[PDB]
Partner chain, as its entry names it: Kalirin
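First comes one chain, alone, set out as structure tokens in the form deposited without the partner chain.
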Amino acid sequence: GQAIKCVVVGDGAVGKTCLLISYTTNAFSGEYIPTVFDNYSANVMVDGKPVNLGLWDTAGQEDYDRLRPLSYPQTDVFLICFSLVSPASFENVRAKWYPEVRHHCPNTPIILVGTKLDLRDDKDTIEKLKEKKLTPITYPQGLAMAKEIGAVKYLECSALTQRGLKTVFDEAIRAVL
């Protein structure tokens, strides 16, 4: 029944594509193949209602900055994604993604999505960020970023384990219905 265009943006290698592949097909590959542009689809049921969810997977890489806004018109909801184990990808939520999205789409709801949850509390990945004086992004920190960018929701997920995965898209839909 209801068509909903959801566009997915965020830094190169945060897990945009994996998130969408894991959700639509239940697969996960460890291999990194940088997106140019891809389209996904899902027929979902949310709070009683049938939804045709269109999923626009954009290129995270800087080289695509002039092309990426071509995808923006008519968007119903954005997911702005960052990796929970990349503080730099997190800063870019506010330094790059929020301003870019808002530049072309002043009113479209934003869901902030922290990705790679399976690594956030991983004892080992913590010590390995600690060398570079880095710390994974915690839940309240993510919450505070969502408020800072006026996001409708803050959600955390893992494409690998699928923890928090369905909610991301339920809530993307709920922000539109």
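Residue numbers count along the first chain shown, from 1.
One more form of this protein, solved in complex with the partner chain, exists but is not displayed; see below.
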Does the partner chain come within 4.5 Å of any heavy atom of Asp121 in the deposited bound form? no
Would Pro34 count as touching the partner chain in the deposited bound form under a 4.5 Å heavy atom rule? yes
Residue-level question: is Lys133 within 4.5 Å of the partner chain in the deposited bound form, judged on heavy atoms? no
Even though the partner isn't displayed, in the deposited bound form is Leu143 close enough to the partner chain, meaning a heavy atom within 4.5 Å? no
Any residue of 52-76 that, in the deposited bound form, places a heavy atom within 4.5 Å of the partner chain: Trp56, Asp57, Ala59, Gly60, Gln61, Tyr64, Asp65, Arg66, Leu67, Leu70, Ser71, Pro73, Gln74
